[PDB]
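Here the structure comes first, spelled out in structure tokens, and everything after it is commentary.
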Ligand SMILES: [Mg+2]
Ligand SMILES: [Mg+2]
Ligand SMILES: [Mg+2]
Ligand SMILES: [Mg+2]
Ligand SMILES: [Mg+2]
Ligand SMILES: [Mg+2]
Ligand SMILES: [Mg+2]
Ligand SMILES: [Mg+2]
């Protein structure tokens, strides 16, 4: 189960680089030099890395220091063959963003947030990134009167529209992906789920430039079915990028390694991505637990990729099995794929087999055979 | 705090009529005659009633029996002055719908589901309803392989598109509202939140005909902020109808009377509906607990309206208070309403006050004053 | 992976017999004759069956009808070799129990609840049951003023104390197990978790007669770690019985087949039960989904046992693996088993290696190696 | 609604002193000198302060520095009249505690954890504290194999037993209170709820020395009813201390000011504490949101006390109202307080009115009148 760069596994600098500071504890690990992270991830079989601006260039750095940091980074990429498919902006760590970036109540903060983003879009394009992610982690509220959400949505739309105008005017080939999260660090975060983000995109001036970057653990923080949500994003043509990790239910954002947390959900996610032919990066946004030393960090990162690859093999075996194909027909998955009324409205209304002469009791008595199908799925997942 | 029909409070027949059967217990109350419910609700100050087809006309009724039931209903409406602003279809109780109506795997069930709906749209228009609600309570799955969600979304779109074609072809003045719910009675339900429903509407052929009918308790079953979600629906121009009730957190759908459950959320909801000038019905989808006799049913229904009216008075007092208006300015709610960059992109990029000379430490040191504002809100809610 | 009666798998009559009525839908399956259920479960490899009084003897049955029903049941047990290890009382379905049985506000209902229980304890002993379960599903409240919980706990204690006096006075060899649940069908249920039930037992007059009967899905309805809770019950010597099923997170009680829901939790549960040598029944309290016909019911029941047996094999392989044993030592599980201060308090206080000369930075730098251990656990679960 | 020191409101140094570092952001406020916090809280009407060792004496401080810090603290207490009713140990911030203190897998860490605690018990007694709190925030796991929970419970018991031996041997008048939390910062924390902590205490060698210190938001992080849990702790005689704050549902630990979050739960909590005559401190463990400057910190702290006092007045008015007293009788709260069978077991068995001649249908038809009672409670809460 060995990864190759052709599997398109990517990692954020801030994942393996997380020093282990949590709300109640100090860091347990020294900081990693981004150049060291690039080399070590390349040795494990990764395809590329991602970054927030502030991960790569320390906040407040001089232009000269900024040049030096980018140059050393670019050399490690050249030395390893690693790519940078995605970048993003840190609009959440600095105290100035304590009430948000794009939807801060203070107008001068919103303007600064936009300028900070634009500078990193330029860098992202220079380094080859094809997706620019936005996680509005500070966009929200702890109390009801602090944020008029209609006004905040106007400001969020205004910011994204200005970014679309900028990339169009520069001629950049880059698309945006909004990353939803329901809460943490704000009591409630705006655009809390994949559905809310998808809905918001349709009100932007250039909707074609915007998709979603869903994260396993975030949708599970609302108790939602992550494969279902990904299916709706694919149906809408908006799955531009994805963040893979694990989460044990409705609690703080754990960012466990992929495969941890809800294992069956991970199986059904991989089944869907592979069946739909998703071609983008398989990005891991995870934190190696602070219990670990650096050997544990790399073991956790390796496990992310390993578990994707085991699940890929088991999902493929499931769909290839003639006994499963026959169970899918027994459960009428084939009929769900057929139109309800390709004959048209008037035909349906005149069809007495659809109402006047329909035997509801005979249809009702038919079992769906779903438990047999699901146990075949379980057997395949477990290799039994 | 006495309701009048001008407050536009409405109730479903199935609310005060709930007999108290739950997953673990038999009914505790006899069935109510819909004509009795109309008379009693009119005496309490309600404006109108809503219904599922099967609430009004028993399933399997003959055409003649159907005529008789509608006539007796219409007479109670004439006798009381009660209106019927909304109607809906029962696509969840009968065993035939056990895998869904619009997205059942069996094609003949989907066709029957559509014909059953169309028949009740005709009745709805005859009785004056201006909104037709769809709650796809059986649309979903307990297991991953049972439902290909992309195919199910194609079938859901196909059904709603056919309904839009029908109402257009008949010339009816009626709009559709989708009611989201995350789970129960299915393990996961399709279009689980307001955001997912809003996103789905934008892919229909005639999006103008479709909005949402959110329910307090349903969004709270995903741990989401209901006023925030309603703000996004209003921003999108899609809040066609609303279902008011109470819910204590993430658990089974309790359908408590409005004001019960999360009281502060109820305050912020009423503040928003009144400030935005929402003009539709204030519909209660609640269940009087099965501990109650019929006196308790009417006391619970009365409490729904009473609590809306107390919260309305307190929210109005909050917004009218000069001390609150001054706190809103101190927290820069006025600046959140102003454009970030009405001067345009090029101006922003050339503005050195927005980045090069912005003092982040001075902006960061400014308190938001949100706790003082929220305690003023609390004081107003509690009458202190 | 074929079950034998020596695996001690048991099923409640009400599980495979569930007709599929849920809050929003009618039954989808005909009722099963308990004699048919006993025969079919015996053919699948089950060891025994359990029952509520009202599952076996219809409520209101005459004494003569009661005799006939017990006789036919006993004959199926004799014909199949099936045992009845556990029984329980239905104190939740009938409307009289709408505010509880043992803690109903009405004193005459509490007295009836006790008499109904006592009658079935006699029957339970006659049929050989060694554990009597109590699930107080109606003991609780939807509102704060309806139930003084201190008074309700006095009444709960009074009821259980009287039952202990009864079984002692009759000389019966039977022990009680309390089954906790946090909510549903009441808004909040008394003794909501394993911890609360354990705490309550220590205040009874004869604590030795009482243990717990935890259920996978119930503890997961509070977001709690079920293996952890079972570990505390075993530590207390109180795990008298267990209910196995599956649950997808914090929502209504799904009662999925065992292995469904949180698969990793199921693995860690089986690892614990087998390592601790739990010797009681492996009882499944599950509902075959209402989508299923009777073939699906038996397929779901079979899957319960199958999944226990696959997980048993994988957990045994995990603990037998020398590479895992070495990882357990690397993570110092061996040191967690050793006393902290068997040398005593005075020794510890005089030990300068424990404080004055302890190198906190050297201890802090040691990795715990937990991610490597967990990936070995994952590899074993998946057969990789 | 002005607080006095006789209302026994207390605050932890770490509450108003929280600098605003969260998982995703830097501090927004400078550190507060504990002497300044004591003076400012005394001016607001507080009765006292609490502390972790590391809040008062910086970790690694020399003995001489330790003396100086305690002396300056003691002078502010003398100058203000503030008391120190409770103290606790920080066994969670330093990296050495990354796998726990009392239940760390490393034996030398467990020994250090005990020595660190003992040193602060001595200081606590010197400063007058009557309760010593333990929050085992690092006691737990992110993965199943990392912690054998039976062994960890043996180590937890061993630690608490040694602390009881120490305080007995020194002759100290101090009692212990365990503070439960279900998760955060560990994926699952041992003794996750009030019930689990109560159960664990009964296995200690000197149970009389140990109670609980429940926290509003922690029990609500498991979706549990906090007043119910407090009622069970009072019933057990174990409510030694309480932590008051607010929490919006099942998510990260928000530590909002008291009254925020679930307002009705706060009303029912205050009703219970006052009715039961709880005489200990009303301690606030809350965090002023990081959006706030120092004026906002003190406004948030003031709001904690204000909201307790408003709720106290409304709960007293509720219980004093003759119309409520009559509703309580109508709902048979008086009968819930009466014994079920003070006549004894034999009497109950011979009483044909309890079973043979009991009219279940007549009892079942009686309404409980709970909705009328609850609306009277709502009316009183809102001042209507
Ligand atoms: Mg995350
Ligand atoms: Mg992410
Ligand atoms: Mg509902
Ligand atoms: Mg509704
Ligand atoms: Mg259950
Ligand atoms: Mg059970
Ligand atoms: Mg807390
Ligand atoms: Mg606390």
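Protein chains in written order, with the numbering used here: chain A, 140 to 523; chain B, 140 to 523; chain C, 140 to 523; chain D, 140 to 523. The beta-carbon is built from N, C-alpha and C at its ideal position, and this holds for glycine as well.
Just the Cα atoms here: how many angstroms apart are residue i and residue j?
i: residue 400 of chain D; j: residue 523 of chain C; result: 46 angstroms
i: residue 425 of chain C; j: residue 434 of chain A; result: 43 angstroms
i: residue 166 of chain D; j: residue 161 of chain A; result: 13 angstroms
i: residue 311 of chain D; j: residue 225 of chain D; result: 14 angstroms
i: residue 251 of chain D; j: residue 313 of chain A; result: 54 angstroms
i: residue 497 of chain D; j: residue 505 of chain D; result: 14 angstroms
i: residue 210 of chain C; j: residue 507 of chain A; result: 36 angstroms
i: residue 361 of chain C; j: residue 243 of chain B; result: 32 angstroms
i: residue 470 of chain A; j: residue 285 of chain B; result: 7 angstroms
i: residue 373 of chain B; j: residue 289 of chain A; result: 8 angstroms
i: residue 145 of chain D; j: residue 182 of chain D; result: 14 angstroms
i: residue 178 of chain D; j: residue 221 of chain D; result: 9 angstroms
i: residue 241 of chain B; j: residue 283 of chain A; result: 37 angstroms
Confirm, please, whether the CB-CB distance from residue j to residue i is below 8 angstroms.
i: residue 275 of chain D; j: residue 328 of chain D; result: yes
i: residue 148 of chain D; j: residue 163 of chain A; result: no
i: residue 380 of chain B; j: residue 306 of chain B; result: no
i: residue 235 of chain A; j: residue 503 of chain B; result: yes
i: residue 367 of chain B; j: residue 319 of chain B; result: no
i: residue 331 of chain B; j: residue 321 of chain B; result: yes
i: residue 404 of chain B; j: residue 365 of chain B; result: yes
i: residue 512 of chain D; j: residue 459 of chain D; result: no
I need the boundaries of the beta strand (DSSP E) containing residue i, first residue and last residue.
i: residue 316 of chain B; result: 314 to 317
i: residue 421 of chain B; result: 421 to 423
i: residue 225 of chain B; result: 225 to 227
i: residue 349 of chain B; result: 349 to 351
Classify residue i as buried or exposed, calling it buried when 16 or more other Cβ atoms lie within 10 Å of its own Cβ.
i: residue 501 of chain D; result: exposed
i: residue 140 of chain D; result: exposed
i: residue 197 of chain A; result: exposed
i: residue 486 of chain D; result: exposed
i: residue 206 of chain B; result: exposed
i: residue 287 of chain C; result: buried
i: residue 143 of chain B; result: exposed
i: residue 214 of chain C; result: exposed
i: residue 267 of chain B; result: exposed
i: residue 354 of chain A; result: buried
i: residue 246 of chain C; result: buried
Over what stretch of residues does the alpha helix (DSSP H) that includes residue i continue unbroken?
i: residue 519 of chain C; result: 509 to 521
i: residue 250 of chain A; result: 246 to 265
i: residue 457 of chain B; result: 433 to 459
i: residue 409 of chain D; result: 402 to 414
Open item on the list: Using a Cβ-Cβ cutoff of 8 angstroms, what residues of the segment 225 to 244 of chain B are near chain E? List them in chain order.
Closed with: Among the chains of the structure shown, chain E does not appear; the protein chains present are A, B, C and D.
Open item on the list: Whether or not the segment 247 to 267 of chain A and the segment 335 to 349 of chain B are in contact is what I'm after, with contact meaning three or more pairs of Cβ atoms, one per stretch, closer than 8 angstroms; do they touch?
Closed with: no
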